[PDB]
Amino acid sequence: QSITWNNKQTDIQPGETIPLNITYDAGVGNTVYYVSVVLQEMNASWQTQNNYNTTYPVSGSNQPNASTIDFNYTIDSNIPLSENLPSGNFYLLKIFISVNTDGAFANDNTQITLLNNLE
């Protein structure tokens, strides 16, 4: 199993939408269970502290095991800016595929900065 976010960007302003282009493949012998995108606040040990707006752009049965999709992912306008997080904490855009009913996973989790471009 594999998954890539093909059009990465480093930052986003809360309230904006990221137009994700995502390639995934469940892998030979596997069946896609879902593809999920969720914004996470992490600590310095890469342990999740908060999860925001969990989405499942691929889900259900009869989905293609491998495809490239476009998916608009929104950051709520009131999620705290990166500069206002506790020391060492950061945002990670979790982008991942589950195969075989959560039997195995792969990810293209990508660090992102939430900032206010007016400031």
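In this text, residue numbers run from 1 along the sequence as written.
The PDB entry reports B-factors from which the mean C-alpha value can be compared for 91-99 and 13-21; the larger average falls on 13-21. Between 57-65 and 73-81, it is 57-65 that carries the larger average Cα temperature factor according to the deposited entry. Residue-level inspection of the entry shows that, of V35, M42, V38, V28, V28 has the top Cα B-factor.
Placement of the Cα temperature factor of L114 within the chain: middle third of the modelled residues, per the deposited record.
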